[PDB]
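First the structure, in the form of structure tokens, and then the observations on it.
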Amino acid sequence: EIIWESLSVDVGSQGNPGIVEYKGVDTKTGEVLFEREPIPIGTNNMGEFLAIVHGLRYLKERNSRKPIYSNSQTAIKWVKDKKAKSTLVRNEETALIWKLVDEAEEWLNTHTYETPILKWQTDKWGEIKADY
RNA sequence: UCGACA
DNA sequence: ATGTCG
Ligand SMILES: [Mg+2]
Ligand SMILES: [Mg+2]
């Protein structure tokens, strides 16, 4: 019951909070479709959110109806709400991620999409295909 | 008091 | 260890 015709996203970090990156891959083949340049300070959940929204934009611009898989219960909710409820402090070190998060929410408030955003069931299926 | 997803 | 939700 894995929908193989899908995009899978995941975050990678060093520290949490710490250096965050994310990527999107074809669930079937593992082909890397997008990979964000490391952001110097962010949280896991912020990254997971940015990964989903990147995915939405990526599929929309390509006229693709594929669903997105994420393993992140938090990020799935934040995208549904159009609001990333992060605790991360705001300062000059966290300005970049917070700018990206604000711009992701703005995108969600200005665009439509029909893309199903699905939970990857790790306990049944193993690590998501985009894992680091 | 946890439980869960990372 | 921390970041987050039910
Ligand atoms: Mg993940
Ligand atoms: Mg992972």
Side-chain angles (χ1 to χ4, degrees):
Chain A
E1 63 187 67
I2 293 178
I3 303 165
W4 288 102
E5 191 174 303
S6 61
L7 172 68
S8 291
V9 302
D10 200 11
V11 70
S13 87
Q14 182 182 285
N16 179 31
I19 298 169
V20 168
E21 58 189 345
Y22 62 74
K23 69 182 185 277
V25 311
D26 179 312
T27 303
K28 181 152 23 166
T29 70
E31 193 186 353
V32 181
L33 276 6
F34 61 80
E35 180 146 30
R36 166 63 208 207
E37 169 162 16
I39 298 153
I41 298 87
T43 65
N44 66 328
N45 295 321
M46 289 174 142
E48 296 275 22
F49 171 81
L50 290 182
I52 296 172
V53 179
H54 205 273
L56 289 169
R57 299 180 68 161
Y58 174 97
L59 293 175
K60 187 176 182 80
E61 64 197 337
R62 295 167 178 70
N63 291 128
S64 173
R65 283 171 62 78
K66 285 170 187 195
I68 295 172
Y69 276 116
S70 175
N71 67 17
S72 176
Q73 296 196 335
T74 297
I76 291 176
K77 186 182 187 294
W78 293 351
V79 175
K80 184 211 187 166
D81 297 347
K82 310 187 164 76
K83 177 65 180 193
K85 199 169 134 214
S86 191
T87 67
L88 180 66
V89 71
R90 306 176 171 266
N91 60 45
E92 29 274 287
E93 296 201 349
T94 68
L96 173 53
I97 205 176
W98 263 122
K99 175 166 123 75
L100 293 173
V101 168
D102 297 335
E103 293 174 338
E105 291 163 352
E106 196 56 39
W107 192 88
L108 299 168
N109 285 132
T110 47
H111 298 74
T112 60
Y113 65 87
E114 295 173 16
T115 311
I117 299 172
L118 310 169
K119 180 67 175 67
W120 179 262
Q121 298 211 295
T122 303
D123 59 356
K124 302 177 208 180
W125 314 327
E127 285 275 334
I128 198 168
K129 288 280 290 270
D131 182 62
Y132 289 81

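Every chain is numbered from 1 and lettered A, B, ... according to where its sequence line falls, protein lines coming before strand lines.
Remark: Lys119(A) is in phosphate contact with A6(B), judged by side-chain N or O atoms under 4.0 Å from OP1 or OP2. For the pair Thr122(A) and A6(B), the criterion of a side-chain N or O lying under 4.0 Å from OP1 or OP2 is met. Contact annotation: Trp78(A) reaches the phosphate of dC5(C) (side-chain N/O to OP1 or OP2, under 4.0 Å).
Shown here are the ring pair (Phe, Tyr, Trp, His ring centres under 6.0 Å) partners of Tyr113(A), two or more places apart in sequence or in another chain: there are none.
The side chain of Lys85(A) approaches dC5(C) more closely than any other nucleotide in the set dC5(C), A6(B), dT2(C). Distance from the side chain of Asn45(A) is smallest to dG3(C) among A4(B), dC5(C), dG3(C). Each of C5(B), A6(B), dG3(C) was ranked by its minimum atom distance to the side chain of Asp10(A); first place goes to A6(B).
Protein atom CG of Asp131(A) is 14 Å distant from nucleotide atom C1' of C5(B), rounded to whole Å. Rounded to whole angstrom, the span from the CG atom of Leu88(A) across to the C1' atom of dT2(C) amounts to 11 Å. Protein atom CD of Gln14(A) is 16 Å distant from nucleotide atom P of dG3(C), rounded to whole Å. Remark: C1' of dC5(C) and CD of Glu48(A) are 14 Å apart, rounded to the nearest angstrom. Rounding to whole angstrom units, CG of residue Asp123(A) and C1' of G3(B) are separated by 14 Å. One can place NZ of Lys83(A) at 12 Å from P of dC5(C), the figure rounded to the nearest angstrom. Atom CD1 of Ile117(A) and atom P of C5(B) are 20 Å apart (whole Å). Taking atom CG of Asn44(A) as the reference point, atom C1' of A4(B) lies 14 Å away to the nearest angstrom.
With rounding to the nearest 0.5 Å, the separation of CG in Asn45(A) from CD in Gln73(A) is 11.0 Å. Distance OG/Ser6(A) to CG/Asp26(A): 7.5 Å, rounded to 0.5 Å.
Proximity of a side-chain donor or acceptor of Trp98(A) to a complementary backbone N or O of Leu88(A) within less than 3.5 Å is detected.
Residue pairs meeting the salt bridge (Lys or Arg N to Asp or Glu O under 4.0 Å) criterion with at least one member in residues 31-47 of chain A, sequence neighbours excluded, do not occur.
Within the 4.0 angstrom heavy-atom criterion, only backbone atoms of the sugar-phosphate kind lie near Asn71(A); the bases stay farther away.
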